[PDB]
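Data file: work37.cif. Format and content: mmCIF, C-alpha atoms; chains and numbers go by the auth columns.
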```cif
data_structure
loop_
_atom_site.group_PDB
_atom_site.id
_atom_site.type_symbol
_atom_site.label_atom_id
_atom_site.label_comp_id
_atom_site.label_asym_id
_atom_site.label_seq_id
_atom_site.Cartn_x
_atom_site.Cartn_y
_atom_site.Cartn_z
_atom_site.B_iso_or_equiv
_atom_site.auth_seq_id
_atom_site.auth_asym_id
ATOM 1 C CA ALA A 1 21.137 -9.546 9.440 0.00 1 D
ATOM 2 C CA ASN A 2 20.048 -5.927 9.871 0.00 2 D
ATOM 3 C CA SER A 3 18.947 -4.366 13.148 0.00 3 D
ATOM 4 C CA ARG A 4 16.820 -1.721 11.419 0.00 4 D
ATOM 5 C CA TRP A 5 13.885 -2.424 9.042 0.00 5 D
ATOM 6 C CA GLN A 6 11.682 0.092 7.281 0.00 6 D
ATOM 7 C CA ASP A 7 7.999 -0.097 8.131 0.00 7 D
ATOM 8 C CA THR A 8 5.483 1.183 5.591 0.00 8 D
ATOM 9 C CA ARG A 9 1.753 1.748 5.884 0.00 9 D
ATOM 10 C CA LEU A 10 -0.271 0.732 2.818 0.00 10 D
ATOM 11 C CA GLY B 1 2.644 -23.818 8.394 0.00 284 A
ATOM 12 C CA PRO B 2 -0.568 -23.398 6.394 0.00 285 A
ATOM 13 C CA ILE B 3 -0.584 -21.032 3.441 0.00 286 A
ATOM 14 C CA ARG B 4 -3.888 -19.163 3.580 0.00 287 A
ATOM 15 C CA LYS B 5 -5.468 -17.413 0.605 0.00 288 A
ATOM 16 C CA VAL B 6 -7.119 -14.270 1.949 0.00 289 A
ATOM 17 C CA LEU B 7 -9.585 -11.993 0.186 0.00 290 A
ATOM 18 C CA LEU B 8 -9.801 -8.235 0.706 0.00 291 A
ATOM 19 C CA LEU B 9 -12.038 -5.792 -1.144 0.00 292 A
ATOM 20 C CA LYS B 10 -10.777 -2.220 -1.441 0.00 293 A
ATOM 21 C CA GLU B 11 -12.336 0.950 -2.912 0.00 294 A
ATOM 22 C CA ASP B 12 -9.977 3.093 -4.994 0.00 295 A
ATOM 23 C CA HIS B 13 -9.970 5.856 -2.364 0.00 296 A
ATOM 24 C CA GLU B 14 -8.890 3.433 0.370 0.00 297 A
ATOM 25 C CA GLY B 15 -5.578 1.956 1.419 0.00 298 A
ATOM 26 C CA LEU B 16 -5.119 -1.746 2.217 0.00 299 A
ATOM 27 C CA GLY B 17 -5.008 -0.951 5.929 0.00 300 A
ATOM 28 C CA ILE B 18 -1.830 -2.873 6.736 0.00 301 A
ATOM 29 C CA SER B 19 1.762 -1.965 7.487 0.00 302 A
ATOM 30 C CA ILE B 20 4.608 -4.154 6.258 0.00 303 A
ATOM 31 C CA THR B 21 8.229 -4.616 7.286 0.00 304 A
ATOM 32 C CA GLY B 22 11.037 -7.019 6.363 0.00 305 A
ATOM 33 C CA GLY B 23 12.199 -7.816 2.838 0.00 306 A
ATOM 34 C CA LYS B 24 15.110 -9.344 0.941 0.00 307 A
ATOM 35 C CA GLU B 25 17.638 -6.746 2.115 0.00 308 A
ATOM 36 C CA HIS B 26 17.022 -7.969 5.691 0.00 309 A
ATOM 37 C CA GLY B 27 17.046 -11.664 4.849 0.00 310 A
ATOM 38 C CA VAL B 28 13.407 -12.095 5.824 0.00 311 A
ATOM 39 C CA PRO B 29 10.021 -12.234 4.061 0.00 312 A
ATOM 40 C CA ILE B 30 7.725 -9.267 3.669 0.00 313 A
ATOM 41 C CA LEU B 31 5.982 -9.371 7.077 0.00 314 A
ATOM 42 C CA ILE B 32 2.749 -7.770 8.286 0.00 315 A
ATOM 43 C CA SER B 33 3.559 -5.424 11.200 0.00 316 A
ATOM 44 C CA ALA B 34 0.126 -3.857 11.808 0.00 317 A
ATOM 45 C CA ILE B 35 -3.527 -4.134 10.832 0.00 318 A
ATOM 46 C CA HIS B 36 -5.231 -0.737 10.998 0.00 319 A
ATOM 47 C CA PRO B 37 -8.681 -0.564 12.635 0.00 320 A
ATOM 48 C CA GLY B 38 -11.600 0.159 10.339 0.00 321 A
ATOM 49 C CA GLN B 39 -9.662 -0.193 7.070 0.00 322 A
ATOM 50 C CA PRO B 40 -10.129 -3.002 4.512 0.00 323 A
ATOM 51 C CA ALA B 41 -7.760 -5.609 6.031 0.00 324 A
ATOM 52 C CA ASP B 42 -9.461 -5.216 9.431 0.00 325 A
ATOM 53 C CA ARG B 43 -12.980 -5.149 7.958 0.00 326 A
ATOM 54 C CA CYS B 44 -12.472 -8.121 5.642 0.00 327 A
ATOM 55 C CA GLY B 45 -10.429 -10.242 8.059 0.00 328 A
ATOM 56 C CA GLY B 46 -7.965 -13.075 7.641 0.00 329 A
ATOM 57 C CA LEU B 47 -4.628 -11.271 7.869 0.00 330 A
ATOM 58 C CA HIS B 48 -2.625 -11.021 11.033 0.00 331 A
ATOM 59 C CA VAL B 49 0.505 -9.444 12.369 0.00 332 A
ATOM 60 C CA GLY B 50 3.556 -11.653 11.828 0.00 333 A
ATOM 61 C CA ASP B 51 2.160 -13.140 8.605 0.00 334 A
ATOM 62 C CA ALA B 52 4.672 -13.424 5.787 0.00 335 A
ATOM 63 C CA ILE B 53 3.073 -12.278 2.536 0.00 336 A
ATOM 64 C CA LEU B 54 4.114 -14.866 -0.043 0.00 337 A
ATOM 65 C CA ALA B 55 2.089 -13.434 -2.944 0.00 338 A
ATOM 66 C CA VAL B 56 -0.542 -10.834 -3.807 0.00 339 A
ATOM 67 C CA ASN B 57 -2.837 -11.271 -6.841 0.00 340 A
ATOM 68 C CA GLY B 58 -0.571 -14.094 -8.006 0.00 341 A
ATOM 69 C CA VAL B 59 2.539 -11.901 -7.884 0.00 342 A
ATOM 70 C CA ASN B 60 5.326 -13.565 -5.872 0.00 343 A
ATOM 71 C CA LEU B 61 6.734 -11.454 -2.995 0.00 344 A
ATOM 72 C CA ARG B 62 9.078 -14.133 -1.614 0.00 345 A
ATOM 73 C CA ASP B 63 12.380 -12.609 -2.753 0.00 346 A
ATOM 74 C CA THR B 64 11.376 -8.929 -2.994 0.00 347 A
ATOM 75 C CA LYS B 65 13.158 -5.979 -1.412 0.00 348 A
ATOM 76 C CA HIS B 66 10.988 -3.815 0.865 0.00 349 A
ATOM 77 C CA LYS B 67 10.454 -0.984 -1.634 0.00 350 A
ATOM 78 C CA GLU B 68 9.592 -3.445 -4.421 0.00 351 A
ATOM 79 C CA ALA B 69 6.874 -4.961 -2.248 0.00 352 A
ATOM 80 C CA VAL B 70 5.526 -1.516 -1.370 0.00 353 A
ATOM 81 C CA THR B 71 5.231 -0.770 -5.103 0.00 354 A
ATOM 82 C CA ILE B 72 3.475 -4.030 -6.016 0.00 355 A
ATOM 83 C CA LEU B 73 1.127 -3.936 -3.019 0.00 356 A
ATOM 84 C CA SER B 74 0.233 -0.275 -3.576 0.00 357 A
ATOM 85 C CA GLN B 75 -0.729 -0.955 -7.200 0.00 358 A
ATOM 86 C CA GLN B 76 -3.351 -3.626 -6.457 0.00 359 A
ATOM 87 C CA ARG B 77 -6.999 -2.550 -6.724 0.00 360 A
ATOM 88 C CA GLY B 78 -10.487 -3.824 -6.021 0.00 361 A
ATOM 89 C CA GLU B 79 -10.702 -7.530 -5.204 0.00 362 A
ATOM 90 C CA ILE B 80 -7.291 -8.530 -3.855 0.00 363 A
ATOM 91 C CA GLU B 81 -6.056 -12.029 -2.927 0.00 364 A
ATOM 92 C CA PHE B 82 -3.133 -12.452 -0.557 0.00 365 A
ATOM 93 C CA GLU B 83 -1.307 -15.699 0.077 0.00 366 A
ATOM 94 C CA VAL B 84 0.167 -15.623 3.584 0.00 367 A
ATOM 95 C CA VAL B 85 1.778 -17.906 6.134 0.00 368 A
ATOM 96 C CA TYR B 86 2.224 -17.093 9.818 0.00 369 A
ATOM 97 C CA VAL B 87 5.901 -17.175 10.853 0.00 370 A
#
```
Could the structure of this file be written out as structure tokens, please?
Amino acid sequence: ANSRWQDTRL
Amino acid sequence: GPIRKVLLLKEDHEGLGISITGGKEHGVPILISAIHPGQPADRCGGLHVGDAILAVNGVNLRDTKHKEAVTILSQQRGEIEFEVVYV
């Protein structure tokens, strides 16, 4: 499980 | 929970008006993190933050990595159907 997730605007 | 099929109509010069996070590399679905005011998702309705996007235009997003989902989502045009479930 990763603490950091990318977040992308579409 | 209920899987909703949600319609959104987009002009070519517009974005979807959503932000997404999550993905296979994090062990979670593609999740909606924001709905941007005034853009197609907001105008058309039916999507909400925390929704997992299971499919878009019949293309399965269940086991996609984040960048894969960005690609597929960004390539959809016009009348777009999402299948989502709130998590």
Using all atoms listed in the file and a cutoff of 7 Å, can you tell me which residues are near (19.8, -10.9, 7.9) in the file's coordinates, and write them out as a list in words?
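Those residues lying close to the given coordinates are residues 1 and 2 of chain D; 309, 310 and 311 of chain A.
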Restricting to all atoms listed in the file, whichever of A:319, A:331, A:296, A:326 is closest to chain D is A:319
Just need the residues of chain D within 6 Å of chain A, counting only C-alpha atoms, so spit them out as a PyMOL selection string. chain D and resi 1-2+6-10
(request) Using the chain letters and residue numbers of this document, give as JSON, numbers by chain the residues selected by the PyMOL selection byres ((chain A and resi 366) around 7). (result) {"A": [286, 287, 288, 289, 336, 337, 338, 339, 364, 365, 367]}
Pairwise distance, CA of residue 5 (chain D) with CA of residue 293 (chain A), equals 26.8 Å
For this structure, which residues satisfy the selection - the PyMOL selection byres ((chain A and resi 370) around 7) - when it is evaluated on the file as given? I want them as an MDAnalysis selection string. chainID A and resid 333:335 368:369
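Here CA of residue 3 (chain D) is placed at a distance of 27.7 Å from CA of residue 342 (chain A).
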The PyMOL selection byres ((chain A and resi 361) around 10) resolved against shown file, as a list in words: residues 291, 292, 293, 294, 295, 297, 359, 360, 362, 363 and 364 of chain A
With C-alpha atoms retained, could you export that selection as a PDB file, keeping the file's coordinate frame?
```pdb
ATOM      1  CA  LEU A 291      -9.801  -8.235   0.706  1.00  0.00           C
ATOM      2  CA  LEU A 292     -12.038  -5.792  -1.144  1.00  0.00           C
ATOM      3  CA  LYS A 293     -10.777  -2.220  -1.441  1.00  0.00           C
ATOM      4  CA  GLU A 294     -12.336   0.950  -2.912  1.00  0.00           C
ATOM      5  CA  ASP A 295      -9.977   3.093  -4.994  1.00  0.00           C
ATOM      6  CA  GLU A 297      -8.890   3.433   0.370  1.00  0.00           C
ATOM      7  CA  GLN A 359      -3.351  -3.626  -6.457  1.00  0.00           C
ATOM      8  CA  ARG A 360      -6.999  -2.550  -6.724  1.00  0.00           C
ATOM      9  CA  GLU A 362     -10.702  -7.530  -5.204  1.00  0.00           C
ATOM     10  CA  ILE A 363      -7.291  -8.530  -3.855  1.00  0.00           C
ATOM     11  CA  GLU A 364      -6.056 -12.029  -2.927  1.00  0.00           C
TER      12      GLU A 364
END
```
Kindly compute an axis-aligned box around the listed atoms of chain D, allowing 3 Å on each side, and express its centre and edge lengths in Å to one decimal as lines of an AutoDock Vina configuration file.
```
center_x = 10.4
center_y = -3.9
center_z = 8.0
size_x = 27.4
size_y = 17.3
size_z = 16.3
```
Between CA of residue 341 (chain A) and CA of residue 329 (chain A) lies a distance of 17.3 Å
For chain D, supply N, CA and C atoms and report the output as a JSON list (two decimals), in the coordinates of the input.
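Saved as selection04.json:
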```json
[["chain", "number", "residue", "atom", "x", "y", "z"],
["D", 1, "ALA", "N", 22.40, -9.87, 8.78],
["D", 1, "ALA", "CA", 21.14, -9.55, 9.44],
["D", 1, "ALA", "C", 21.13, -8.10, 9.93],
["D", 2, "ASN", "N", 20.11, -7.35, 9.53],
["D", 2, "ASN", "CA", 20.05, -5.93, 9.87],
["D", 2, "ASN", "C", 19.21, -5.64, 11.11],
["D", 3, "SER", "N", 19.66, -4.70, 11.93],
["D", 3, "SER", "CA", 18.95, -4.37, 13.15],
["D", 3, "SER", "C", 17.76, -3.46, 12.84],
["D", 4, "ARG", "N", 17.81, -2.73, 11.73],
["D", 4, "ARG", "CA", 16.82, -1.72, 11.42],
["D", 4, "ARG", "C", 16.04, -2.02, 10.12],
["D", 5, "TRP", "N", 14.72, -2.13, 10.20],
["D", 5, "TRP", "CA", 13.88, -2.42, 9.04],
["D", 5, "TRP", "C", 12.88, -1.31, 8.79],
["D", 6, "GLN", "N", 12.70, -0.91, 7.54],
["D", 6, "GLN", "CA", 11.68, 0.09, 7.28],
["D", 6, "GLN", "C", 10.32, -0.53, 7.54],
["D", 7, "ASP", "N", 9.36, 0.32, 7.85],
["D", 7, "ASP", "CA", 8.00, -0.10, 8.13],
["D", 7, "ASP", "C", 7.07, 0.86, 7.39],
["D", 8, "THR", "N", 6.26, 0.33, 6.49],
["D", 8, "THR", "CA", 5.48, 1.18, 5.59],
["D", 8, "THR", "C", 4.01, 0.87, 5.68],
["D", 9, "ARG", "N", 3.20, 1.90, 5.89],
["D", 9, "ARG", "CA", 1.75, 1.75, 5.88],
["D", 9, "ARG", "C", 1.20, 1.79, 4.46],
["D", 10, "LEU", "N", 0.30, 0.85, 4.16],
["D", 10, "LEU", "CA", -0.27, 0.73, 2.82],
["D", 10, "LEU", "C", -1.79, 0.78, 2.85]]
```
